[PDB]
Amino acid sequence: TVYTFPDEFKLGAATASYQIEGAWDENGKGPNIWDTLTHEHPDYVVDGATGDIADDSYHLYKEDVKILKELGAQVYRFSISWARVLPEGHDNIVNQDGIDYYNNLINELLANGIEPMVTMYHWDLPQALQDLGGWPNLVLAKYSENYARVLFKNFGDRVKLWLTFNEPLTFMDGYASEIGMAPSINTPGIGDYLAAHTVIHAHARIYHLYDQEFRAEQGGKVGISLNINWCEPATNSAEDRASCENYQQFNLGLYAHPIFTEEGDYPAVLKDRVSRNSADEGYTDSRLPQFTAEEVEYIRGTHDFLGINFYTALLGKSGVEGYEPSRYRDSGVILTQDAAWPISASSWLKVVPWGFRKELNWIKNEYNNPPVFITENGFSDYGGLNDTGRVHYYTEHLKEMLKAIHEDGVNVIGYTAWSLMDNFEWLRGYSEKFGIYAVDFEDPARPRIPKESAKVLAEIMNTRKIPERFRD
């Protein structure tokens, strides 16, 4: 039984718009911040790669559905490109080609018995909105509401699973480095916190919009996808344990405390440590923005489930490091990775499957066992179809998740593998492969071909259990 998926549990695979679509300026699509980064700053990206074509899923979406059907996916998580739908960012112009494209994809999925799960914002902000400052400018919360209204109105009759944002912990870092994630602005410790603040407000406005304007008719669920690494105490000391709690609160709690707790607001440790550090550095005002009591009440409770992206673990020990100011320095933990952990093709990603179970338990206890949908989990290599490392990664992580469900009572409701196919891996270009299907980026037809991991995941989805040969 510990190896069998619950009957209602949903299994599938995930992608994101800029990573797969191409057609970056086709049929009225406006430019986004990743068009700008890859066009103006190819020195920031491995091989100077761009998403101009990527998997060409704008043209090849029927092929994506075909492979999802072959895999046996019950759910397909994908994102909508804001600037494909609203080319100017604002809602004055709706691009009918963009509406037609996502309707075509949704209708194709449903005709093939696959449920769509839609991420509204997966990092591809319209450049016109970044020109106002982007996420640090709170005016984007209302713009985000207006974007979501267009999405609910056009697609919500057929889409019943929504994520407002994907990994704001990551995309806020686009405001903490001059050479990093789009829009590549160097305001660490200041602009990244402002970006988080706007995202939380935007998420809450979108949830309330759904309640007010769409839920009665559409009957779907709205969540958010938050990434989090497990942080294992370097030693069993109380002080190293404290540092790991700081990590959870500074990385997951930054977003999940305001939304998923009864109290709301940011975690106390986040407010207190930033306030103290800001005072010590001579600022009149804390670098952490504040919610009013009315905002705390508006934001808390804005969820129907929690989306989690889980990949890896770190070791945490008591202490402080990093540049002043920065979120890492403010967090009061010294982070490392254990040399013994198996590696991937991504410097940050080590294979630590038991960390997944620990993280799921941390979330269960902190947030009172919310329904959790694993919206990403996956592994990188540099190429190859006989992807034994990826097969091991998935079978181990799925076993650890099933223990969390069956042994630990964690309410995990679904799981989408990152990714359906090799795609544009952001600053890593096409150099790091996360797909269960391989794609030849030198072939204009971009054929998708199954790796061993696709075959193993198909076997898992078909049998609804971990095969005997992968059990302990």
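The first residue of the shown sequence is 1; numbering continues from there.
In this entry, 211 to 219 shows the higher mean Cα temperature factor of the pair 93 to 101 and 211 to 219. Relative to one another, 231 to 239 and 309 to 317 have unequal mean CA B-factors, and 231 to 239 is the one with the higher figure. The residue among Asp173, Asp338, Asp330, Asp131 whose C-alpha atom has the highest B-factor in the PDB entry is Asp338. The top Cα temperature factor in the record, among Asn32, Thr416, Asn411, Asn423, falls on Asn411. The entry lists a Cα temperature factor for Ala16 that places it in the lowest third of the chain's modelled residues. In this PDB entry, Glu115 carries a Cα temperature factor that places it within the highest third of its chain's modelled residues. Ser326 sits in the middle third of its chain by CA B factor, as recorded in the PDB entry. In this PDB entry, the Cα temperature factor of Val46 sits in the middle third of its chain's modelled residues. Remark: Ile179 belongs to the highest third of its chain, ranked by C-alpha B-factor as recorded.
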